[PDB]
Amino acid sequence: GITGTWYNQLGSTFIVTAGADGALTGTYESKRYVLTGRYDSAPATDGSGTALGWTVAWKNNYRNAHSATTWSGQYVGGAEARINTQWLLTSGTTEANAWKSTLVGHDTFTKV
Amino acid sequence: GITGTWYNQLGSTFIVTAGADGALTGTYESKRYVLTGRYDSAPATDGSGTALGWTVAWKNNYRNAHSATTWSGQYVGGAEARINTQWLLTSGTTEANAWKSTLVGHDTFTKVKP
Amino acid sequence: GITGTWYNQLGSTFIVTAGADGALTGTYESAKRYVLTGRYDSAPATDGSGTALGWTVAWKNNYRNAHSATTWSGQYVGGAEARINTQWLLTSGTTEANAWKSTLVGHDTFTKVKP
Amino acid sequence: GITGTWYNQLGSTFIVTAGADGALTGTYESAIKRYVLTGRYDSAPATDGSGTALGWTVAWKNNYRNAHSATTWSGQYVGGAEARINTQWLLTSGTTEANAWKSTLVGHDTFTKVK
């Protein structure tokens, strides 16, 4: 249920393929960046979500923010499917600025 | 300088290869699990670290914890070469338990076991 | 703005008073009451930015002790429907061996209308 | 074991009094640089070797400066000759809704009784 196009509350577009091997591969758009990650290819069937995560390093051929975001979350299936995530965005910093290297937030992705 | 075998303060083993276009691939042992991630393949040249992240889903041929961890951090080269990270570990939960789905912590990786 | 009774998406009840000096006091009931204390910016920017704040509950009261504490860090956002948007850290007391898994993280959004 | 002066890895000083029923009150200096803090701790921790859960908040306004932000530290106190308070923290800045996605920094501080 994960493969396809997803949208978050900021209007970002998360395009992903969930491979048989547990891989996530795709692109993330605020402008498009590569992502890769992993998901549980044998989730519980007890009403639990499917655990997953992915990373975008914010460099493409045109731009580079010298940073990377990881999203950690779970896919929740059904008629109103969602991927509910929390994320960590680390910027490359000097040692003096490392204490403020990392932003934290939460994104919810929907198929609509 | 990211490619290699790293260990964190818990004694976990992070074996990683960094590709020229930003890919991270390898294994993690907290009995290995696959990892994949991304890193900044052209970092600033002003002393700043190199941003990176990776994911492990905690399923292999022997175990499944129905969970995934992402590490987000930066590689710092030089005399004290290290990868400093923070991580989010999400377990698959029912909706009723979703509020407690996610653990947070911080791991520092070096080339020497603890 | 901040003073009042708030509810999060879980249906928890956050009863808070914001003192002129920057103090937050009150009670929290997660879906009996627990004591909370915290702080807020009592002279926020006047440029449309939210008001930074945070508070702590240690999960011990007369009835129960979970041996844990949550801190919520966030901002009050004035609006047609006023919000307090937070992220939180819940640390349980653990042995050293279990310290790696001591801390849950999440996010709660509060309004003065119960969902 | 919590009342007293604590120092973290950044050079900050955390001065706190732990009251009998769970109050934390004191001051935090990220080095004019002193700010009020308040929080809560578990005043009846487990007796199985587990740490003592606690949390506190600083809003970064004093009489001389206002950074329009607040940090909460959530963690546990671990006793012994080399007592420590191990924390994770969330620092929320007041922002517009458009910048709210980047409102919150996260990190970790270790406090000890010596510098």
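Going by the order they are written in, the chains are A, B, C and D; count residues from 1 in each one.
Following the convention adopted for this analysis, a contact is a pair of C-beta atoms (placed from the backbone, for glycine too) under 8 Å apart; a residue touches a chain by one contact, two chains touch by 3 or more.
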Interface with more contacting C-beta pairs, comparing B-D to A-B: A-B
Rounded Å distance between chain B and chain D, as computed from the means of their C-alpha atoms: 27
Length of the line joining the C-alpha centres of chain C and chain D, rounded to whole Å: 15
For chain B paired with chain C, centre-to-centre distance based on mean C-alpha positions, whole Å: 30
Junction residues of chain C - those touching two or more other chains: 87, 89-90, 102-103, 105-106
Which pairs of chains touch, using the document's own definition: A-B, A-C, A-D, B-C, B-D, C-D
Of all residues in chain C, those that touch chain D in their complex: 22-24, 35-45, 47-60, 65, 67-75, 77, 85-96, 99, 102-103
Interface residues, chain B side, partner chain C - complex: 10, 88-89, 99-105
Sites on chain C touched by chain A in the complex: 87, 105-107
